Each structure stands twice: as C-alpha cells, then as structure tokens.
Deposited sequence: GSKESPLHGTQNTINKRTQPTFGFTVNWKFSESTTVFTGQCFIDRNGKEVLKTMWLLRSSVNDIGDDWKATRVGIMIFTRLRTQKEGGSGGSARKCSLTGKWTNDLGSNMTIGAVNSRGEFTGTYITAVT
C-alpha cells in the first residue's frame, strides 16, 4: 500500500465533481497523479474515469524528456469518492472521507509494476 492524497472540486454541486490525487509510491522513487470524474453510467453503476501520469526518477536533467508515462484507469466499486475501488488490471484503492474543503486521503495497491 502507498498513501494517496487529493481533492475534489467544490465549485458547483450540479455535476459530479472532477478530482485529482497523487499516489506517493513507497516502494520506488516514482510519483503518479490521477485526474478524472465520477459518473453514473447508463446501467446505474458508479464509474471513475481517470487518466494518469507516472513520473519516474532520473539522475540527469538531460533525461527529463523520457520520465513521464501516460495512460488511463477506469475504476468500479469493489458518486461519493469515499469507499473501495477496483480495476481490471487488479489494482485497487480505498478513499476516506471527503471533508468540507473537498480533501481526501486514501491508500492505493498496484497489481502491476
């Protein structure tokens, strides 16, 4: 498990907020950021559609150009962000309560490396 920390937007309540979080990897020098929005899909299921940037560490500023990978992640419950979320890769995460400023913490387990 690595800790995650982020926020969900609080501007309107007329939609399901966008959100972003950072996973602060505890087994490597990398960081990953996720950003997305929660939807009620056509079948009634909550879905988090996110995209992510995975930042690797480099030792030389001249290698900076190759340090960022990008991709998607769709999470389904195991539209409050709070709870447990799973993915098809087998990765999963837990999000705690969202407070009045829209902040939340959680934990992330990656099935893949």
item: Coordinate gaps, deposited numbering; value: 1-3, 82-95
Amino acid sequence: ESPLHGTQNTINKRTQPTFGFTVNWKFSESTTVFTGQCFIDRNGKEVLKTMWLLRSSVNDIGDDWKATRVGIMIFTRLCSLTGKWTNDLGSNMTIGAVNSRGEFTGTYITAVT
From here on, numbers count along this sequence of modelled residues.
| property | result |
| --- | --- |
| Greater mean Cα temperature factor according to the PDB record, 14-22 or 98-106 | 14-22 |
| Stretch with the higher entry mean CA B-factor, where the candidates are 81-89 and 31-39 | 81-89 |
| Out of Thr76, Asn59, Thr50, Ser56, residue topping the C-alpha B-factor column of the entry | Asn59 |
| Ranked against its chain, the third holding the CA B-factor of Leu4 | lowest |
